[PDB]
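Chemist: What follows is a structure written as structure tokens; I'll ask about it next.
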Amino acid sequence: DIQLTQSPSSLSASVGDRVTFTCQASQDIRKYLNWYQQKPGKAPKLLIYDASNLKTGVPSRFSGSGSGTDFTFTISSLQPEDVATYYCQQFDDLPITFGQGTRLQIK
Amino acid sequence: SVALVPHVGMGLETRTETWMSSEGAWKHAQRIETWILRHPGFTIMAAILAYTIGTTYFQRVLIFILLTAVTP
Amino acid sequence: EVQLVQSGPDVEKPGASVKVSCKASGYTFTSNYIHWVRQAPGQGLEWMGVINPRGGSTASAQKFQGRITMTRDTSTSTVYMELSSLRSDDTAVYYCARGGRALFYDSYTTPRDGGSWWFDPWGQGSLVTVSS
Amino acid sequence: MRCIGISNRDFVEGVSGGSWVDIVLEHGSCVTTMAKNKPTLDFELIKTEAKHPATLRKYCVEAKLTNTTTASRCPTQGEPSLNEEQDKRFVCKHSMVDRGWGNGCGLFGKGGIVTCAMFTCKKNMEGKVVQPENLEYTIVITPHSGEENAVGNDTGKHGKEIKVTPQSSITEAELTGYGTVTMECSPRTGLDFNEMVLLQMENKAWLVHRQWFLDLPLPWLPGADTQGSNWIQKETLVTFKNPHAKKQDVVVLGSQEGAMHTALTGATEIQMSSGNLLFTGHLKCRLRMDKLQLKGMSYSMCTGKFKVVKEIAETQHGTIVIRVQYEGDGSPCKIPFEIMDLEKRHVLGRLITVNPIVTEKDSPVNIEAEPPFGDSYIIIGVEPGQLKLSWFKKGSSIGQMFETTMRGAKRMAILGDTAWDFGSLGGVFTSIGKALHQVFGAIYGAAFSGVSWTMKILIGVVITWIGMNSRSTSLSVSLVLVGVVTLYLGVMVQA
Amino acid sequence: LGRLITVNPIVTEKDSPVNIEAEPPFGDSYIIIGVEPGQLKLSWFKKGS
Ligand SMILES: *[C@@H]1O[C@H](CO)[C@@H](O[C@@H]2O[C@H](CO)[C@@H](O)[C@H](O)[C@H]2NC(C)=O)[C@H](O)[C@H]1NC(C)=O
Ligand SMILES: *[C@@H]1O[C@H](CO)[C@@H](O)[C@H](O)[C@H]1NC(C)=O
């Protein structure tokens, strides 16, 4: 039921850029959000749990912020191994819903 | 079924009218009056029983109105 | 190490039922929940349901009302998902992650947060194709 | 304002104790408060929202049957078995019919028989519960003193829309300038959740208490279904025909949606489409008001030449409103409003706008006030006495006191000991009345409840007769107390 | 009027969710933890007797 809109749907940027993603929820999900990368046809990897925390083993160029319903994911320096489909995901209330996705293209 | 136990004196009221808005009360009264009107013989039998047992007048009236209301 | 292994890809008939395994390694198998997530190729991710290894309660989403069954084997530390009434929309890649565990049972949300949904321990992926 | 013509409105006098006033407010009515300063605020309650429910139960309302297996063994050897009795998804029943050599078996007895049917379900009751958190009350608090666009229109941004939750506190709200108002809600003494069940049918929902909802027929199913359909009931639904001797058969009992609605009469309804939009129910604020100017004293008595642009407009026992249009060079000033008597001046009314004020220029400011029960001259001009208006509040003093007594009886009715908290600054008497009525209504709690309109008025008249029979002056605490509370409760309930 | 059964509760090094148990009386109660801007009150109603 709880919807999750992910914006924008696709981006292109050059190597070293700073890119931000925005996810909006129809309900209050106060901290329950997760950010994932997915390399296409590969085994994917968690980036951010609790919408603010790095996983150990993830490099420090990734970050996330936001509290109420609007959440911002941020890559400080875009690197050529970071071309992936990026997802944001609610954890609250359990008809567990993903974002639509965000594809990246290297310039 | 859920034809009965019609959630009546449970509490939980408010300022506003609840579901049937004073139509269920008149529903109850009109259907028991209609059932009395269709079956007069049981009413006469209840009146005879009220006159026989009890025999103080208030007790008679009480058990007569009860035996009119004992119908399911 | 911290690892899960799934079964190989399968192709089944419409209206049949398919069974996908999810074997665990590297930890105590009753210290995490197991959760199943699908992904159609022309779509993002979609959650299917939840099993607990300790004990064995399950639940699922409303889109899979009465179509999905989840069992396990504690001795082999393995979780089985069985999807029934297969149609062409079920052709997807299947995933089985783990959750941080409200000790006893189910898909709790108040104990902090599950913590991934589902890409830390998850496995290698099970492609299921419904065709004639 | 936002509170005119919404009658059953809760006037509140007194602020003493420093600033705290106890207000009990609900979705239906709204509350207007007053003090010797600190201008009159209006407390309208709007939607309640319980954010995170949890699903506890599924009742099936319509069902269908299929695959219809049946079996019978023999006359008194064997009681019949069937392999599709193994699933609890099938409904099964044993019976005894008859058997003989016409049927083929032998021994000519009354042999047993089974019947079985697969149970598939149509649209359901999706009953949910909520904890006494994850729920917010939204209160619009709005001030008086001018600003045309409509002494009604609760839609619109003049009163602030402050939220409150039991995870929150003293409820600081800000207004234009003066209105720093602190509200300390006690939402846990409200509807008393963990005794509530929200009940969703196809489009609607209802608020019914928990024991009734558990006790109800129309098959059980717990919240963890998904791939279940494990309905542990069905003696209340699907019925099995058995004619005189031979073969028995299965019968769907049909949709009980109408019977469901007839069951949940006497229960409040609720729209529940977007998460939740919970309605009618009350809550209890304590109100602190220090932090309040009068929107400027800081002015002058104005020049003159006002102009009415609206009628006399009496609302609901005295509250009369007048919309004046200042004409002149005001540089916004006060409005010299008075409610006077006739000549040899005996000025006696009250103004509930306190310190009304003109805005920047021509803008039709409006003023509400309460005259006495008879003739009155409402005057607004000063130097050429500019404008008087005659008004006759029909009224009474005794009728006003009796209607206030009826309001107090309705507060001894529907809203409970919170209505003993509905006043303020009572100290000894109000607190001891609340505790006494607490234990008294607890003894008349469950404790003689659960009864309908008719049976309550009948038990009232029989207990008032047995009090009228007058033994040893127990007839008071009998007859007069019990007859008053039973009749004035019975004719007012089932609203 | 209550009692605290944690006696002298204490914060650890930094952000770490410390937890406190206590016993209110049988009715209304305001459990308070902040000080200088009165930081946080909570209402609670132990039903009891
Ligand atoms: C209730 O309040 C609304 C919001 O102020 C009023 O709508 C305004 O009406 C005035 C009248 O000229 C317009 O100038 C505003 O632009 C309106 N505001 C809007 C559309 O947001 C509404 O008229 C009020 N109700 C009544 C009955 O007057
Ligand atoms: C019930 O009957 C239908 C057709 O008559 C059949 O397709 C279905 O499999 C049957 N159900 C079971 C449980 O065998």
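Residue numbering restarts at 1 for every chain of the structure tokens, chains are lettered A, B, ... in their displayed order, and ligands are numbered from 1 as they appear.
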Write out as JSON lines a residue-level contact list of region 271-383 of chain D versus region 9-30 of chain A with cut-off 12 Å: for each qualifying residue the closest pair of atoms and the distance in Å to one decimal, counting only C-alpha atoms, rows sorted by chain and residue number upward.
Modeler:
{"residue": "D:274", "atom": "CA", "partner": "A:26", "partner_atom": "CA", "distance": 10.0}
{"residue": "D:275", "atom": "CA", "partner": "A:27", "partner_atom": "CA", "distance": 8.7}
{"residue": "D:276", "atom": "CA", "partner": "A:27", "partner_atom": "CA", "distance": 11.4}
Chemist: Do a neighbour search on residue 36 (chain B) at 10 Å with only C-alpha atoms, toss out local chain neighbours closer than 5 positions, and write the hits as an MDAnalysis selection string.
Modeler: chainID B and resid 30:31 41:43 68:69 71
Chemist: Could you give me, as JSON, numbers by chain, every polymer residue with an atom at most 9 Å away from an atom of ligand 2, counting only C-alpha atoms and all ligand atoms?
Modeler: {"D": [66, 67, 68, 84, 118]}
Chemist: Store the residues picked out above, limited to N, CA, C and O atoms, as a compact mmCIF listing (two decimals), in the first residue's frame.
Modeler:
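Listed below is the output, out.txt:
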# COMPACT_ATOMS: atom_id res chain seq x y z
N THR D 66 -17.23 -26.18 -3.71
CA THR D 66 -16.85 -26.96 -4.88
C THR D 66 -16.33 -28.32 -4.42
O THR D 66 -16.06 -28.55 -3.24
N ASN D 67 -16.31 -29.25 -5.39
CA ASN D 67 -15.72 -30.59 -5.39
C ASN D 67 -16.47 -31.61 -4.54
O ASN D 67 -16.20 -32.80 -4.69
N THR D 68 -17.36 -31.15 -3.65
CA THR D 68 -18.58 -31.78 -3.14
C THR D 68 -18.53 -33.31 -2.96
O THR D 68 -19.31 -34.04 -3.57
N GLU D 84 -10.45 -36.69 1.53
CA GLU D 84 -10.42 -35.24 1.47
C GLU D 84 -11.01 -34.60 2.72
O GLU D 84 -11.28 -33.40 2.72
N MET D 118 -15.24 -28.17 -0.45
CA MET D 118 -14.15 -27.21 -0.43
C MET D 118 -14.69 -25.80 -0.24
O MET D 118 -15.72 -25.43 -0.81
Chemist: Grab me every residue within 8 Å of ligand 1, counting only C-alpha atoms and all ligand atoms, and send it over as a PyMOL selection string.
Modeler: chain D and resi 148-150+152-158
Chemist: May I have a table of the residues of chain A lying at most 9 Å from chain C, giving each one's closest pair of atoms and their distance in Å to one decimal, counting only C-alpha atoms, ordered by chain and ascending residue number, as JSON lines?
Modeler:
{"residue": "A:31", "atom": "CA", "partner": "C:113", "partner_atom": "CA", "distance": 8.7}
{"residue": "A:32", "atom": "CA", "partner": "C:113", "partner_atom": "CA", "distance": 6.5}
{"residue": "A:33", "atom": "CA", "partner": "C:113", "partner_atom": "CA", "distance": 8.8}
{"residue": "A:34", "atom": "CA", "partner": "C:116", "partner_atom": "CA", "distance": 6.9}
{"residue": "A:35", "atom": "CA", "partner": "C:116", "partner_atom": "CA", "distance": 8.8}
{"residue": "A:36", "atom": "CA", "partner": "C:119", "partner_atom": "CA", "distance": 7.6}
{"residue": "A:37", "atom": "CA", "partner": "C:119", "partner_atom": "CA", "distance": 8.9}
{"residue": "A:42", "atom": "CA", "partner": "C:124", "partner_atom": "CA", "distance": 8.2}
{"residue": "A:43", "atom": "CA", "partner": "C:124", "partner_atom": "CA", "distance": 6.3}
{"residue": "A:44", "atom": "CA", "partner": "C:119", "partner_atom": "CA", "distance": 5.9}
{"residue": "A:45", "atom": "CA", "partner": "C:119", "partner_atom": "CA", "distance": 4.9}
{"residue": "A:46", "atom": "CA", "partner": "C:119", "partner_atom": "CA", "distance": 5.4}
{"residue": "A:48", "atom": "CA", "partner": "C:116", "partner_atom": "CA", "distance": 8.7}
{"residue": "A:49", "atom": "CA", "partner": "C:115", "partner_atom": "CA", "distance": 6.0}
{"residue": "A:50", "atom": "CA", "partner": "C:113", "partner_atom": "CA", "distance": 7.2}
{"residue": "A:87", "atom": "CA", "partner": "C:44", "partner_atom": "CA", "distance": 8.5}
{"residue": "A:89", "atom": "CA", "partner": "C:117", "partner_atom": "CA", "distance": 7.9}
{"residue": "A:91", "atom": "CA", "partner": "C:109", "partner_atom": "CA", "distance": 7.2}
{"residue": "A:92", "atom": "CA", "partner": "C:109", "partner_atom": "CA", "distance": 6.4}
{"residue": "A:93", "atom": "CA", "partner": "C:109", "partner_atom": "CA", "distance": 7.3}
{"residue": "A:94", "atom": "CA", "partner": "C:107", "partner_atom": "CA", "distance": 7.7}
{"residue": "A:95", "atom": "CA", "partner": "C:61", "partner_atom": "CA", "distance": 6.1}
{"residue": "A:96", "atom": "CA", "partner": "C:47", "partner_atom": "CA", "distance": 6.1}
{"residue": "A:97", "atom": "CA", "partner": "C:46", "partner_atom": "CA", "distance": 6.7}
{"residue": "A:98", "atom": "CA", "partner": "C:45", "partner_atom": "CA", "distance": 6.2}
{"residue": "A:99", "atom": "CA", "partner": "C:44", "partner_atom": "CA", "distance": 7.6}
{"residue": "A:100", "atom": "CA", "partner": "C:44", "partner_atom": "CA", "distance": 5.7}
{"residue": "A:101", "atom": "CA", "partner": "C:44", "partner_atom": "CA", "distance": 6.4}
Chemist: From a DSSP pass on the backbone, collect the residues of region 174-347 of chain D flagged as strand (DSSP E) and hand them back as a VMD selection string.
Modeler: chain D and resid 181 to 185 196 to 200 205 to 209 239 to 241 249 to 251 268 to 270 282 to 288 321 to 323 338 to 340
Chemist: Please, what distance in Å, to one decimal, runs between CA of residue 263 (chain D) and CA of residue 2 (chain B)?
Modeler: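 Straight-line distance from CA of residue 263 (chain D) to CA of residue 2 (chain B) works out to 5.5 Å.
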Chemist: So that I can see what lies close to residue 16 (chain C), please list as an MDAnalysis selection string the residues with an atom at most 6 Å from it, counting only C-alpha atoms and leaving out residues fewer than 3 positions away in the same chain.
Modeler: chainID C and resid 13 85:86
Chemist: Record the distance separating CA of residue 195 (chain D) and CA of residue 217 (chain D), expressed in Å with one decimal.
Modeler: 18.8 Å
Chemist: Which residues of chain D come within 8 Å of chain E, and for each one, what is the closest pair of atoms and their distance in Å to one decimal, counting only C-alpha atoms, sorted by chain and residue number, as CSV?
Modeler:
residue,atom,partner,partner_atom,distance
D:166,CA,E:43,CA,6.8
D:167,CA,E:42,CA,6.7
D:168,CA,E:42,CA,6.6
D:169,CA,E:41,CA,5.7
D:170,CA,E:41,CA,7.6
D:186,CA,E:43,CA,6.4
D:188,CA,E:45,CA,6.7
D:189,CA,E:45,CA,7.4
Chemist: Using C-alpha atoms, can you export the residues from the last selection as a tab-separated table (two decimals), in the first residue's frame?
Modeler:
chain	number	residue	atom	x	y	z
D	166	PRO	CA	0.87	10.71	22.94
D	167	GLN	CA	4.54	10.64	21.96
D	168	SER	CA	4.34	14.43	22.35
D	169	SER	CA	3.85	16.94	25.06
D	170	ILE	CA	2.88	20.51	26.05
D	186	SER	CA	-3.99	13.62	27.62
D	188	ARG	CA	-4.56	8.15	26.70
D	189	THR	CA	-7.66	9.05	28.71
Chemist: Residues near residue 70 (chain B), anyone? I mean within 12 Å using only C-alpha atoms, not counting same-chain ones fewer than 3 positions away, as a ChimeraX atom specification.
Modeler: /B:32,35-36,42-43,46,63-67
Chemist: Which residues of chain C come within 9 Å of chain D, and what is each one's closest atom pair and distance in Å (one decimal), counting only C-alpha atoms, sorted by chain and residue number, as a tab-separated table?
Modeler:
residue	atom	partner	partner_atom	distance
C:57	CA	D:224	CA	8.7
C:58	CA	D:224	CA	7.6
C:59	CA	D:226	CA	6.0
C:60	CA	D:226	CA	5.5
C:61	CA	D:226	CA	6.9
C:62	CA	D:226	CA	6.9
C:64	CA	D:226	CA	7.1
C:65	CA	D:226	CA	4.9
C:66	CA	D:227	CA	3.6
C:67	CA	D:227	CA	6.2
C:68	CA	D:227	CA	6.0
C:69	CA	D:227	CA	6.5
Chemist: Just checking: using only C-alpha atoms, which residue out of A:54, A:47, A:2, A:88 ends up closest to chain D?
Modeler: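 Residue with the minimum atom-to-atom distance to chain D: A:2.
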Chemist: Kindly indicate which residue among D:134, D:450, D:38, D:102 lies nearest to chain A, using only C-alpha atoms for the distances.
Modeler: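 Nearest candidate to chain A out of D:134, D:450, D:38, D:102: D:134.
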